[PDB]
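Only one chain is shown below, in structure tokens, and it's the form deposited in one PDB entry.
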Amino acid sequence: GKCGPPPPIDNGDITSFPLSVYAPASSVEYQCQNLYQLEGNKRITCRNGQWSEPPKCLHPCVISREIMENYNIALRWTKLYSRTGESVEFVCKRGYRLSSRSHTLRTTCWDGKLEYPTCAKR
């Protein structure tokens, strides 16, 4: 009932060195790179000559000063990258107000997607 090598994952690796072959009931653990959020079980186990589902590494988000300027917003406080699940709080630049269709000023990074709010001239 042996397994072969554990699968690769993007932006991460296992915490041990990989082997050609693994005994049944063996397990290995994954770790994501810095600021990438591990989704799923970190541990996978060898059952019936098959590994359990490996995890994913959810992307963080880049915060763009260019987009902020384009959308007439700024950071409320003062961090160029945001974890999945972590939030960023913006404010309208002075003389501008939230657009009618605009996302909220407080916005959350999910797996590489960040929705910026947009403010328009008063």
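The term rigid core refers to the maximal set of C-alpha atoms that superpose within 1.5 Å between the two forms. Numbers for residues come from their place in the sequence shown, where the first is 1.
Just so it is clear, the following notes concern the form deposited in another entry, a form of the same protein that is not shown.
The Cα shift for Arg43 between this form and the one not shown, taken after rigid core superposition, is smaller than 2 angstroms. Positional change of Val62 between this form and the one not shown stays under 2 Å at the C-alpha, relative to the superposed core. In that other deposited form, the CA atoms of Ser102 and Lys113 move apart by 3 angstroms or more relative to this form.
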